[PDB]
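These notes are about the structure you will find just below.
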Ligand SMILES: Nc1ncnc2c1ncn2[C@@H]1O[C@H](COP(=O)(O)O)[C@@H](O)[C@H]1O
Ligand SMILES: Nc1ncnc2c1ncn2[C@@H]1O[C@H](COP(=O)(O)O)[C@@H](O)[C@H]1O
Ligand SMILES: [Mg+2]
Ligand SMILES: [Mg+2]
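Rendered as structure tokens:
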């Protein structure tokens with residue numbers, strides 16, 4: 009139903025305004041990348057290891073908000089086929105602070121590896137072109153670990169380590185950017201992971217804000233991503249914790 | 009119109025789910041407070057000065073998300089009269105990491121002052137009771153600079169300084185928590201302020217995420233807060249930056 013599609017996408021509007029328009033969002037991005045530089049500079053690795061930083065792309069280093077805007081204007085739920093066209097459109101922007109941090113790491117005895125669920129086979133060319141255009145250094149193909157057969161990221165982290173790197177910090181907008189332990193899990197388990205790692209945030213796990221999509225959306229209800237539009241609307245509304253209006 | 013009220017408040021749903029349910033939100037809160045502790049510990053003040061930290065309350069140290077949930081469920085635009093009842097309901101929660109940071113500052117030769125637009129005359133009792141209940145130390149009345157005649161906060165910062173304190177850092181969720189220079193201004197000016205202070209974020213200006221309300225909402229359009237519901241809906245939708253769907 010068109011009505012259901014409109015309701016689902018309208019629910020994203022205020023958070024999208026915040027991410028696209030607010031100074032507050034920019035300030036959070038700068039805060040993250042300022043903290044990331046401090047962590048990188050402090051990091052020491054085992055003898056014989058090279059220093060690596062693992063960075064997520066979408067909503068961490070790359071800003072895809074115009075795709076979300078298109079969803080709002082056209083009442084379009086997320087669809088990977090539309091996403092591939094967005095990537096091919098080569099209109100990605102950079103998250104504030106990301107290029108400077110990336111280039112700093114790469115010029116100070118580190119290497120940033122991009123572990124990203126953009127698709128290796130269909131979305132690589134647009135990604136690399138946009139990143140070159142946006143000013144990122146170190147965007148040769150071998151810096152990228154794009155999605156092949158698995159959306160969970162830990163195996164790609166292990167590939168990086170096998171190449172003689174020690175990962176000194178991770179940058180992401182989704183807890184699944186830090187490992188697999190809450191991949192596919194609901195939000196209670198995801199919050200528990202965060203509590204169990206409280207001291208790592210702003211140190212070895214660097215967070216960017218994303219109020220628009222992610223593992224937390226699927227985390228709203230069992231089987232969320234397989235539900236129809238009406239089911240997803242209901243899952244979102246049922247997750248709301250509301251004051252009852254009484255004293 | 010009830011329809012307009014519903015549309016306006018539905019636009020907050022996804023960001024509310026993110027703030028209430030996601031581990032990612034918690035991780036951002038811990039990141040902020042972890043960075044804040046590092047900044048506090050590093051801070052040195054002028055001879056003869058006492059060390060102060062200025063902290064915002066709403067959506068910085070206190071979590072009012074159930075009020076937003078009530079707005080969603082009842083299609084209620086923000087109204088200060090409802091807000092006063094929410095405060096009186098004494099159901100505020102603590103933002104993750106806030107109590108620990110607050111109590112650490114207060115036990116390590118600093119003092120946290122709460123500069124907050126909760127109302128001194130009608131909202132003080134609930135605020136203090138909730139904070140005591142939530143575990144905050146140092147919540148005697150004189151620690152609070154609640155709203156009297158002005159929503160802009162710089163004059164209250166100056167009052168703190170007049171009492172012999174040097175403010176070593178500010179914690180907030182709204183750029184107006186750091187001074188007055190973009191108070192009442194639109195988002196272009198607010199983003200410019202952030203760019204002009206890029207290096208301070210995560211150091212002396214500590215940010216918490218708030219995708220639900222703030223100076224950035226008013227910043228969406230000239231006279232936003234005086235517009236009717238339909239006008240505010242239009243302002244939000246007109247602010248959206250959307251991909252045109254072409255390559
Ligand atoms: N709104 C959305 N909902 C679900 N998946 C999305 C959305 N937007 C983008 N994606 C997908 O998620 C990927 C980003 O994953 P990640 O590398 O974890 O940032 C994108 O490359 C898309 O395949
Ligand atoms: N959704 C909202 N829209 C506008 N104002 C709000 C909203 N929620 C709370 N407020 C007001 O803003 C104050 C918080 O301001 P601050 O001290 O900057 O965090 C609250 O005490 C309320 O008076
Ligand atoms: Mg991402
Ligand atoms: Mg606030």
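Chains as they are written, first to last, in PDB author numbering: chain A, 9 to 255; chain A', 9 to 255. A prime marks a further copy of an entry chain.
Even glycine gets a Cβ: it sits at the ideal position worked out from N, Cα and C.
Original post:
What distance in whole Å lies between the Cβ atoms of residue 183(A) and residue 244(A'), which are believed to be in contact at a cut-off of 8 Å?
Top reply: About 29 Å separates the two Cβ atoms, so there is no contact after all.
**OP:** List the DSSP bridge partners of residue 23(A).
**Re:** BP columns for residue 23(A) are empty, so no partner.
Subject >> Nearest neighbour of residue 42(A'), chosen from 213(A), 220(A) and 253(A) [CA to CA] >> reply: 213(A)
Original post:
In the region 54-85 of chain A, which residues sit with their C-beta less than 7 Å from some C-beta in chain A', listed in chain order?
Top reply: 73, 74, 75, 77, 78, 80 and 81
**OP:** For chain A', find out if any of its Cβ atoms is closer than 9 Å to the Cβ of residue 210(A); answer yes or no.
**Re:** yes
**OP:** Please state if the CB of residue 154(A) and the CB of residue 131(A) are separated by a distance shorter than 9 Å.
**Re:** yes
**OP:** Enumerate in chain order the residues of its own chain whose CB-to-CB distance from residue 291(A) is below 7 Å, with the five nearest sequence positions on each side excluded.
**Re:** Residue coverage of chain A in this structure runs from 9 to 255, which leaves residue 291(A) outside it and unanswerable.
Original post:
On the three-pair Cβ rule with 8 Å, is the region 198-216 of chain A touching the region 51-65 of chain A'?
Top reply: no
Subject >> Contact set between residue 201(A') and chain A, taken where Cβ atoms lie within less than 8 Å >> reply: 31
Subject >> Contact belief for residue 85(A') with residue 38(A') at Cβ below 8 Å, rounded distance in angstroms >> reply: In fact, because the Cβ distance is near 32 Å, the residues do not count as touching under 8 Å.
Original post:
Nearest CA to the CA of residue 97(A'): which residue from 133(A'), 198(A'), 199(A') and 211(A')?
Top reply: 133(A')
**OP:** Could you tell me the boundaries of the beta strand (DSSP E) in which residue 154(A') lies?
**Re:** 152-155
Original post:
If contact means a Cβ-Cβ distance below 7 Å, which residues of the region 126-151 of chain A contact chain A'?
Top reply: none
Original post:
Shorter than 9 Å from the beta carbon of residue 106(A) to some beta carbon of chain A'?
Top reply: no
Original post:
Interface residues of chain A' around residue 248(A) at Cβ under 8 Å?
Top reply: 21, 24, 25, 28, 77, 80 and 81
Original post:
For chain A, is any of its Cβ atoms less than 9 Å away from the one on residue 177(A')?
Top reply: no
Original post:
When the Cα atoms are used, what is the spatial distance from residue 113(A') to residue 255(A')?
Top reply: 53 Å
Subject >> Separation of residue 156(A') from residue 129(A'), as counted between CA atoms >> reply: 7 Å
Original post:
If we count Cβ pairs, one from each stretch, closer than 8 Å, do we get three or more for the region 179-195 of chain A' versus the region 71-81 of chain A'?
Top reply: no
**OP:** Out of 47(A'), 28(A'), 40(A') and 18(A'), point me to the one whose CA is closest to residue 211(A')'s CA.
**Re:** 47(A')
**OP:** Measure the C-alpha to C-alpha separation of residue 82(A') and residue 174(A') and round it to an integer number of angstroms.
**Re:** 44 Å
**OP:** Taking all protein chains shown into account, decide if residue 158(A') is buried (16 or more other Cβ within 10 angstroms of its Cβ) or exposed.
**Re:** exposed
Subject >> For residue 140(A), the first and last residue of its enclosing beta strand (DSSP E) >> reply: That residue, residue 140(A), is in no beta strand (DSSP E); its alpha helix (DSSP H) goes 132-142.
**OP:** Return helix, strand or coil for residue 66(A), following the three-state DSSP convention.
**Re:** strand
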